[PDB]
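**Student:** In the authors' numbering, the protein residues as written are -3 to 180. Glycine is no exception: its CB is placed at the ideal position from the N, C-alpha and C atoms. This is the structure I have questions about; it appears just below.
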Amino acid sequence: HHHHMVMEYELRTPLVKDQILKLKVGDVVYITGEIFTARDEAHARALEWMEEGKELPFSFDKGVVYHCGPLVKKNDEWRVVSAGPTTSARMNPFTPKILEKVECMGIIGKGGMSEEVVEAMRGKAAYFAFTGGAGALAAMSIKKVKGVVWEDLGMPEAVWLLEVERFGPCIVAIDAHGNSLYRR
């Protein structure tokens, strides 16, 4: 008699592990707090630094990474103009290693991730399928660019540190319990 309902969460960062574990595939999530962008080059450099024991200038632990190459303009401050998703599968080779040491984390992108990633997320992480449009209107939920690191990778590949309010919507598409909307 308990009907399945779609839950909506405004998840605050730094993430609370129990709130990640409560998520089910098909739930609606908005993010409020800090997120950072990273795609192919940043993940490659992160793995390189991690294996050499060099501290990263950001932290995956309790964080939300957005697979995104943003368009940013600089007036008095940096301003994000577009923040649309990139295809997450390109990050499949890097992501299990990154998940290894985190207590919990969240990942936003499009198209989903491999079964290796699904397994690596068990008990610790979720994947949020971005469903907030092309990226221009979504950028209006970004209130501040806190900073940028690894700018030498070029604007879309740099790691942008963003302060957001109700960034989304996203749909939980891989949970912390071995479920994936993308399976088969």
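In the DSSP assignment, find the beta strand (DSSP E) that holds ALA122 and state where it starts and stops.
**Tutor:** Here residue 122 is taken as the residue at index 126 of the sequence shown, counted from 1. Note, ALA122: beta strand (DSSP E), 121 to 126.
**Student:** Rounded C-beta distance between residue 186 and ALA172? I'm assuming under 8 Å.
**Tutor:** In this structure the chain extends from -3 to 180, so residue 186 is not present and cannot be described.
**Student:** Is it true that the region 133 to 144 meets the region 95 to 107, where meeting means three or more beta-carbon pairs spaced less than 8 Å apart?
**Tutor:** no
**Student:** Can you tell me whether DSSP reads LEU158 as helix, strand or coil?
**Tutor:** Taking the sequence shown and counting its residues from 1, the one referred to as residue 158 is at position 162. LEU158 falls in the strand class under three-state DSSP.
**Student:** Helix, strand or coil: how does DSSP classify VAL2 here?
**Tutor:** The residue given as residue 2 occupies position 6 in the sequence shown. In this structure, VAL2 counts as coil in the three-state DSSP scheme.
**Student:** Do you know how far the Cα of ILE104 is from the Cα of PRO81?
**Tutor:** The residue given as residue 81 occupies position 85 in the sequence shown. The residue given as residue 104 occupies position 108 in the sequence shown. Their Cα atoms are separated by approximately 8 Å.
**Student:** What whole-angstrom Cβ distance do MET151 and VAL68 have, given they're in contact under 8 Å?
**Tutor:** For the purposes of this step, residue 151 is identified with residue 155 of the sequence shown, where counting begins at 1. For the purposes of this step, residue 68 is identified with residue 72 of the sequence shown, where counting begins at 1. Right, their Cβ atoms sit about 6 Å apart.
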